[PDB]
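Some notes on the structure that comes next.
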Amino acid sequence: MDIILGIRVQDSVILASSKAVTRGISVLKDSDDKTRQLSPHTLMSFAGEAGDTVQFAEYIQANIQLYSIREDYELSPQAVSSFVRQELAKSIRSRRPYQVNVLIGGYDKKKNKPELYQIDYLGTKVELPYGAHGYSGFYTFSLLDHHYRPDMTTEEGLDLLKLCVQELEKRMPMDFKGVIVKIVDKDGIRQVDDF
Amino acid sequence: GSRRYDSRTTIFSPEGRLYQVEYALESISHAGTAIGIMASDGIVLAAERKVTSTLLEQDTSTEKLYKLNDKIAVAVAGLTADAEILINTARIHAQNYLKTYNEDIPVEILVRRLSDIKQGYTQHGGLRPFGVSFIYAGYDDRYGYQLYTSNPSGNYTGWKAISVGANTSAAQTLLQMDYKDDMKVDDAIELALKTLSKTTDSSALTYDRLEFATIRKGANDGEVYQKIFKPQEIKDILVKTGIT
Amino acid sequence: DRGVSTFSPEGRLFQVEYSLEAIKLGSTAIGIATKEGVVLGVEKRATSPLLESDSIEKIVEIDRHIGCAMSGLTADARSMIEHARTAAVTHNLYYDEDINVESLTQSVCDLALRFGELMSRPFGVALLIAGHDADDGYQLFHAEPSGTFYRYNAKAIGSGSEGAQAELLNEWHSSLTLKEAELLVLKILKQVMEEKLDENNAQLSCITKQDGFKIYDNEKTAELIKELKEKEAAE
Amino acid sequence: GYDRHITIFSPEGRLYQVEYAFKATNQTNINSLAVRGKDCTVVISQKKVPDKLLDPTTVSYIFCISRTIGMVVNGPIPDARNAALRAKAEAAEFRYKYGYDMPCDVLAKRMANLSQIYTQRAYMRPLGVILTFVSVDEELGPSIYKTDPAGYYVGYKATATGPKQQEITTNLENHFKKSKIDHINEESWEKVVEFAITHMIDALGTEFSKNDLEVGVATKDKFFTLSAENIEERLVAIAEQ
Amino acid sequence: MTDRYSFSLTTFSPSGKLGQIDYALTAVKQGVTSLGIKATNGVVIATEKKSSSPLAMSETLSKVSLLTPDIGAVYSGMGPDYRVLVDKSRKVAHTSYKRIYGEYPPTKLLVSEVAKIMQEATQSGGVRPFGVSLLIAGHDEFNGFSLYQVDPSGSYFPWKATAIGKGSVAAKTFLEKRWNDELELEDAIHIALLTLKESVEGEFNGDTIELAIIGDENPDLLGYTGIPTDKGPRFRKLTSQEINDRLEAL
Amino acid sequence: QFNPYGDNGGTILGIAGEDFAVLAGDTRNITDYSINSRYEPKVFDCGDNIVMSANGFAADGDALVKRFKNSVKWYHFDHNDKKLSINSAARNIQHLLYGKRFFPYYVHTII
Amino acid sequence: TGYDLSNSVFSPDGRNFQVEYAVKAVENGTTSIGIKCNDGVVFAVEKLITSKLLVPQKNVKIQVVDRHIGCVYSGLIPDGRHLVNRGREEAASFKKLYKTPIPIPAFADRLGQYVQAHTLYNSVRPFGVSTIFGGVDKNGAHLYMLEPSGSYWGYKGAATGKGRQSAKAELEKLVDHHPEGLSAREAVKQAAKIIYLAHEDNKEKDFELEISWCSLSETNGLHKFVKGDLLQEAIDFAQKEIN
Amino acid sequence: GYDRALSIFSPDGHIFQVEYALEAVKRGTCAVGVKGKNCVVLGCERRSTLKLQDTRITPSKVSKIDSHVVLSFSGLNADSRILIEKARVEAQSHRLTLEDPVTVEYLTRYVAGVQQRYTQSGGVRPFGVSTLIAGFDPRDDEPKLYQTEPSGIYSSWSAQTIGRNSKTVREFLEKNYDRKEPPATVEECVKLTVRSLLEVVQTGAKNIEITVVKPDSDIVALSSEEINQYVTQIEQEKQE
Amino acid sequence: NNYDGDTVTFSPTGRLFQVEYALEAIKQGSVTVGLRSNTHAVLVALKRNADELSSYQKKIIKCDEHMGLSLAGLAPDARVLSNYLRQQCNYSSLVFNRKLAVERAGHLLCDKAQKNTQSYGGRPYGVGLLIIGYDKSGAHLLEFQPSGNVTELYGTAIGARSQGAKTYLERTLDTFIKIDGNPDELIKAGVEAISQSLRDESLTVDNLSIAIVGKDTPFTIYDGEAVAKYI
């Protein structure tokens, strides 16, 4: 797991999520997609404890997909983030809590705004222009503090993201085998395939 | 053992009807009439109380109209006590939704869960159904203004205008005569009253035998206000339209 | 009314006896045991021409060495088959071996009387359970809602049963080949079936030690039907 | 009417099972009576031992519920013992929970509440008994509180119960009409027991040997029952008078 | 063994009546007359202490019960059903309110809780409805004085004044004639005493009449001093003596 | 703190021929540095020509052998006196053992 | 009506007809008795010999509860066994908590309350037995008889079953003619006589006698069956007095 | 809990509660399903004896269980909601564990299984509902149509109807549906479906709903006009 | 009549009709006989087929190495009760290392049957059982009936026309009681008894079931060719 980033720009939200899956002294895989589509205009990336991450993600996915069918409607990114937070908030006082951190990047069609939510395993939600989980933040937050502007284009956002990845590839101790990048906007979710 | 005394509330007649549901509907048809009328710019709920006594405290009361949340209300026809049980369930269910999603519950979803509860008492558990029909009047930002009714069967449907309780036959024909799609709130208020005035089993219709409510966009911009008419305001709306 | 588990003054359980009446209304099913295999055949009985007859599934696999045909209120058998399959697979997991046909049948029959005031009524469906095991070879069992099962050399259940059974009583001997038995099931089915037997309103199957349980396609059955007619005009 | 078989309302608003449980109350054909002194509360009941094979000492409808509370039952013995056992349990538990002895009237209220439940809940039948509770309560003084199958209870100056109850009741009413007080103005319980037996004799119109009666007395800090000889001593004093 | 009565004993007839509620209401018809009157500065509730024997001590049987320091209740119908409702009512005032908010519930809401209990006896498995109608009178800071009637069905209504039980039809008319929105509490007590004399057959005095008020706070009745915000119960039961003083100026 | 396990020593050994098999074990039973018994057998005939020994903690060994013997008894009752093949016994014993995966039988088992 | 179709329904008289029907089952059973004596009690019972094929001595009907109590019953035999099993649990629990063996009056109420409880609900049937039981405790000997209603009292002597009246008459004579007490060895003989006398009312089939006793002096306060020489001696005494 | 066996056998061998549940279906508004060569069409009657209806928010008679399967029904509306909810949950659960959406046969079998369970469980009555379940298996182009009924039996149908006057329209379809040649086009199939409903319905007013299911989760409902054009066209071709 | 709706109801003459109706299903059952000497105990059972294509329903069930029974009536009920017995025998072995006494086996069955005759919702067992066994006090035979009544006997029979065998056994008593140390003679005596109950049919090789237990004989069942020796 480890590295998951998100940047919200003018018209979209961009999630970068590292591709490595390490266990012990072996990198078991270098093309892992640490994400799930919750609805046509909602993406969730995740990092944390082995097993818990995918189990939690897929569980949330199924619930949102169930809601969509029942109401023939797509929940707002805010509503989905509130649902996810509550699930994590419940989990933290369970017998065995999910140790999963998520980023929720969605485009609200009613408002025509992109939205980025950062939520940790404790159920701590915050809406942000840019976000990161784990050690990533110790490098990327200050870098974006400097370079980010609120009215950037999807293309400027990807350059800003390159800067983040370059810095992490320079200073982070572990080889995270790069990132998969996805864009969430008025037209839905698509994947940049050459990063 | 006890099999001897079991009415078997949740069984079918040979015709494929549910005895208890049919009989609960008969019960409801003797209750005071309640009307919902939906306009393009708001909704009206009116209800006639069951034959008053001159010595009843009229103002502090609330027998027919109940607030579910800030965007939804109901008019009741049936056993009041049965209806309160269901109302508190609905009020809690609304709050769970707001807690979970940080958004006010869409009107239909609340209507469906209540109707699903009612349905349950007709299929399992061997208890009598709730002797209650509801007119739901609410607003959400997906469908705007909405009217629903539900009954002891656990069935629900949506309306432009509708009545429940006594004389729905007469009431439905009169609404079907005068209702129109472009109608405004104040037109609907008048219709609701003229209807009850003609279907009532009293001699004449007075403020003290009436409950009245509106859901309008009548505050400050793209926002919704619930108004449960105080007795004085009913007294006034009854002169303004010249019924007294 | 009066309890679900009540005895009649003749010493029989009302509800069991009444389920037997529903089984009489069911479509016919026939099984014949040989030393070369056991054959199971059923009357499909589609209630209208528009209903796609191959979707009617009254012959069913339990394991590779055990198969099952049903008659009566056939929706009741879903859970009986489900239990049987689990019993079989479970036995193999605990013992690394195939589970005896009789044991399988006894397990299914244990469900049967688990009803009263456990389920709410007995099953309204009888089963023919047919299979092979190394100890007792080829076997056919009739499993009733009473919890009782009999081994049969041949047996018919359903609306056409008592006619069909008399017929089997005459035609069965201890040297029937599989082909002989297949034809016999086809013959006796056409005898008791309302509409005229063909490859769409009836179905065959067998279980053989070598190839296990097999449901026949409609082409294979159709030739066996044609072969039956040619041999009956031929004397 | 299945509304006659269980505890649900009849069309005229009655509970027939409760009413029939009252008729079971007299099924023993015994009369009881209780009165208050200044210092005490006396309760007497008829004692009929029709079978010669019975051990007369084991034949009793008076119970010592606690150190301070006595209870006499009118009705069949099996229901009577059921009620007594429960009352003993309830009294002991009360002491443990609240650190003081359960008052007569509170126990009576409690048993009345239990009786009420059987009138409302369907699977439980009423007990066909009337329970008369007696003590010298540390707050209220001499006390008589009585329970019936309906779940009703109330305090009494004095009371009677049984098939010939109305006779004894009027007898006692007439005495208090006369004396103009709430109790028997007597120093010793011995003479209050004598009063009770006397007004029973007059009202019922029968004489009693020592084995025709049963007597319980409640004083400050104890309730006890009398032996045949304690009663015989008391019968003698009535005679010479 | 065990409750095998898990099914409703109150069901809908083809006509739509709920038989057991109707029959419970009939039981209330038979019951002794009780009444309530609302004044501008108080509420009065009253009933007859019809005794079962003159050997009984009818002081030990209190028909008028305190529920909270500002709420009281009286009834008509089945006394033992009433008794257990008062126990349950007192407890629910604590469990579902005072233990949560540190203050007693307002009258309408405690009434609402009682109605909930009575509604459930109308629908739950293996029970009959309660055979009582209740008149609950109380005061609370934000609603002032109020008076409610609660029926076997669980339905409740607010009243200026009303009566239930045996002679309710007669008594309700008597009250219509005498009630106005300017009655002072002492006037409502006088009217209550007149209305009750109509229904009472035998003795009519402080020992056969049970009567209580919801009025001013009673500091003498609190039991302690030293907290300025605790001024005492508004519920007061009139003594046997106090009733007779009012019966001479009648 | 109570320790639910002990160690009773001993050792066992099994060899298979073409048309026979042997299962041997010593008859000594110990705790710590003491001898409990010089002759306490721990190899058992279980019927259907199966021999078994569960060596290690004897209370656990005795429980398991006792349980398996009983498994054979009910296999007969349930499947018409059928003989329990050695391969079937082996699987049955796996389930007996693995059923206590989180509070194990402290034994090496040979049949 | 229909008041008699369900257990625990009061009839308008105020009776529980289902209990009264259970009594008819008791009255239909064989005769059993109990006699209280100086320092103990004696139990005996009529065992109808249906056939030659019954193994004699080997269908024992009297049961022991704990070490010091004996129980015998008439009517539905399995119901009586159920009641004794309950009795044994009740006694075991009493001894577990209080150490001392359960006193007879205490034990009597345990059975009483349990039986009475089966007249409270319609989902159980009342017991089809009257049960004579007793023994010796720290206060001496006690004999009890318990009915389907759950009613019980202490007895000088007691009897139930088909020959209950005949047996009752004989017990009354004994009480009248021995006000100062009967001996244990005497009561055994008397018990034998009375079962033989009450067998007249059930005289189609012939029968086997069965006797037991607890005596402070003869059995040391414990319950034992009377067998062999003492049993044969009492059968002889009885055969004597019918002839 | 409440335990009573409500569904039980009669002396003749009938389970009356199951049979009375079927009468409730007979009472329900008609619904029909017809499968073409590349599609399935679900048509449903709606009782027009109710004007002042709001059809924006009134529950539609066809329901999506997943994005590729639909369920219509005849009988008790309230009962159908319970089955629909359960089916939708199982659809998501199947995707979760198998990593594939349900086949139509599997989904039908599940719903049928639920319906059967209510015919031999204590304290519950059977569902007063029969369903038509239609769609296309994942990555498959063969159309599927199944029927379920209160007893729990289910089977596949070339075309089928249920509800009031379903015998009339089954009659129609039986002589108008060539097994040898299903409606080759969407338009053809929608027509035959509407026609069959017109035998029984009334006017083609606010009376007929139609929903069309094509492969790969391609499901769309028709509007008043779109339907009305079919009603108009057939009645002109009628006068002959 | 009005009192036979369930086992929880008494008739006005003190009868339980549901128990009596259960007793009746036994009478419809095929005949089975039990008898014993001081050394062995023997069950003999006439099995019953559905028709000429069916197997003959088994009537004898083994309970332990020293105990077993035969049945007449509802066979599933015999499976339940025999299975209950197998466990009680098994418990006694595992816990106490003690072979369960036949007399205790009877008491346990009595008490199990009785519980189904006093509660709402249940039903009596509809089968009769004959238990044989050899324990620490020699050979035993027991007659179980679903009323709860269990009886120890030298010999008996139950089922249809069992009165024939029952009378014969009564006459034969002094002969067969002393067939000690001779198995084949005790069986033949049993087979002769069961022949008193036959009508229009007689014993064949797939018709007749025999069981024996005794001093040096584990409870063992004989069928088919193993019983040819006795026809």
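Labels for the structure tokens follow display order: chains A, B, ..., residues from 1 in each chain, ligands from 1.
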
> Would you list which chain G residues are within 7 Å of chain D using only C-alpha atoms, as number ranges by chain?
Replying inline: G: 3, 8-15, 113, 116, 120-121, 149-151, 153-158, 172

All residues 9 Å or closer to residue 64 in chain A, only C-alpha atoms, same chain fewer than 5 positions away omitted, as a PDB file with C-alpha atoms, in the first residue's frame:
```pdb
ATOM      1  CA  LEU A  38     -18.170   3.711  -6.018  1.00  0.00           C
ATOM      2  CA  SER A  39     -20.401   5.359  -8.624  1.00  0.00           C
ATOM      3  CA  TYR A  59     -17.736  -3.537   0.908  1.00  0.00           C
ATOM      4  CA  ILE A  69     -30.059   0.584  -8.000  1.00  0.00           C
ATOM      5  CA  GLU A  74     -26.310   8.722  -7.797  1.00  0.00           C
ATOM      6  CA  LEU A  75     -25.437   9.844  -4.260  1.00  0.00           C
ATOM      7  CA  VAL A  80     -20.834   9.026   0.112  1.00  0.00           C
TER       8      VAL A  80
END
```

Report as a Markdown table the residues of chain B within 10 Å of chain I, each with its shortest atom pair and distance in Å (one decimal), using only C-alpha atoms, ordered by chain and increasing residue number.
```
| residue | atom | partner | partner_atom | distance |
| --- | --- | --- | --- | --- |
| B:1 | CA | I:120 | CA | 5.8 |
| B:2 | CA | I:120 | CA | 8.9 |
| B:3 | CA | I:121 | CA | 9.8 |
```

Residue selection dump (N, CA and C atoms) as a PDB file, in the first residue's frame:
```pdb
ATOM      1  N   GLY B   1     -53.537 -26.183  23.580  1.00  0.00           N
ATOM      2  CA  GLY B   1     -52.888 -24.918  24.034  1.00  0.00           C
ATOM      3  C   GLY B   1     -53.653 -23.672  23.617  1.00  0.00           C
ATOM      4  N   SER B   2     -52.925 -22.684  23.098  1.00  0.00           N
ATOM      5  CA  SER B   2     -53.486 -21.360  22.794  1.00  0.00           C
ATOM      6  C   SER B   2     -54.004 -21.193  21.359  1.00  0.00           C
ATOM      7  N   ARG B   3     -53.625 -22.100  20.458  1.00  0.00           N
ATOM      8  CA  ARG B   3     -54.141 -22.114  19.075  1.00  0.00           C
ATOM      9  C   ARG B   3     -55.633 -21.766  18.992  1.00  0.00           C
TER      10      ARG B   3
END
```

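Take CA of residue 19 in chain G and CA of residue 114 in chain G: the distance between them is 14.2 Å.
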
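Of the residues in range 205-235 of chain C, those given strand (DSSP E or B) by DSSP on the backbone are residues 205, 206, 207, 208, 212, 213, 214 and 215 of chain C.
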
>> Quick check: residues of chain H within 12 Å of chain A, only C-alpha atoms, returned as a PyMOL selection string.
In response: chain H and resi 57+59-60+63-70+81+84-97+99+101

> Counting only C-alpha atoms, which residues from chain E have an atom at most 10 Å from any atom of chain H, and could you show them as a list in words?
Replying inline: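 The answer, sorted by residue number, is residues 3, 4, 5, 6, 7 and 125 of chain E.
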
Please produce an output containing N, CA and C atoms for each residue in the selection, written as a PDB file, in the first residue's frame.
```pdb
ATOM      1  N   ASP E   3     -45.456 -18.292  27.582  1.00  0.00           N
ATOM      2  CA  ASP E   3     -46.409 -17.549  26.773  1.00  0.00           C
ATOM      3  C   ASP E   3     -46.404 -18.058  25.329  1.00  0.00           C
ATOM      4  N   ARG E   4     -47.415 -18.853  24.983  1.00  0.00           N
ATOM      5  CA  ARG E   4     -47.673 -19.216  23.589  1.00  0.00           C
ATOM      6  C   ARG E   4     -48.663 -18.228  22.957  1.00  0.00           C
ATOM      7  N   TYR E   5     -49.089 -17.232  23.738  1.00  0.00           N
ATOM      8  CA  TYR E   5     -49.947 -16.154  23.252  1.00  0.00           C
ATOM      9  C   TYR E   5     -49.095 -15.008  22.706  1.00  0.00           C
ATOM     10  N   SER E   6     -48.499 -15.225  21.537  1.00  0.00           N
ATOM     11  CA  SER E   6     -47.694 -14.201  20.865  1.00  0.00           C
ATOM     12  C   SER E   6     -48.509 -13.398  19.844  1.00  0.00           C
ATOM     13  N   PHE E   7     -49.804 -13.696  19.744  1.00  0.00           N
ATOM     14  CA  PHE E   7     -50.694 -13.070  18.757  1.00  0.00           C
ATOM     15  C   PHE E   7     -51.653 -12.082  19.415  1.00  0.00           C
ATOM     16  N   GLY E 125     -48.898  -9.114  21.726  1.00  0.00           N
ATOM     17  CA  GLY E 125     -49.401 -10.465  21.911  1.00  0.00           C
ATOM     18  C   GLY E 125     -49.889 -10.719  23.326  1.00  0.00           C
TER      19      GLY E 125
END
```
